[PDB]
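Let's start with one chain on its own, the form solved without the partner chain, as structure tokens.
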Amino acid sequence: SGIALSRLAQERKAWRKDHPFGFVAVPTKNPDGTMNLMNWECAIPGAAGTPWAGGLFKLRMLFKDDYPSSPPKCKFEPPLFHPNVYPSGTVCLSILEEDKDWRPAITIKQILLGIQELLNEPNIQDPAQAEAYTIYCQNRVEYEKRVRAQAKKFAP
């Protein structure tokens, strides 16, 4: 898709010029070794001073051929403990749904910062996994304890 590919080239140029520190966002390759702008390997650092500090959380971003009409699918690999991350790893966030708050102008940087903000502030009206949601609701201290253990697990 020429429209998608031209936008994704724009996004990559902008990302490389200015991105938030500690974040990664890199296109993958096709079986012939050429660049695949439709599938990016990304990583989000935990925010300092939070329970997520020191973790680096790997995420795949998958673009459909009609991008930027549609948002990318954003999937933690491996899946994470968080109330708004499905067991598959897929992120549930309103800016990431075409029929909710996605707008074509939203950039990859905005998406990744939006997901980082989600990590430290769950949306309890919108749960995506039972376990993290239940613990978040029942015992915030235990929730934080689990988040810290996960961040350690995913430290570089």
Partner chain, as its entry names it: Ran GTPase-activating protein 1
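Numbering follows the first chain given and starts at 1.
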When mean C-alpha B-factors in the record are compared for 66 to 74 and 93 to 101, the larger belongs to 93 to 101
May I ask you to compare 127 to 135 and 111 to 119 by their mean CA B factor in the entry and name the higher one? 127 to 135
Select one of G33, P45, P87, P27: the residue whose C-alpha shows the highest B-factor in the crystal structure entry. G33
Lowest, middle or highest third of the chain for the C-alpha temperature factor of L56? middle
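Quick note: we don't show the form solved in complex with the partner chain, though the next part is all about it.
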Which residues within 64 to 85 place at least one heavy atom within 4.5 Å of the partner chain in the entry with it bound? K73
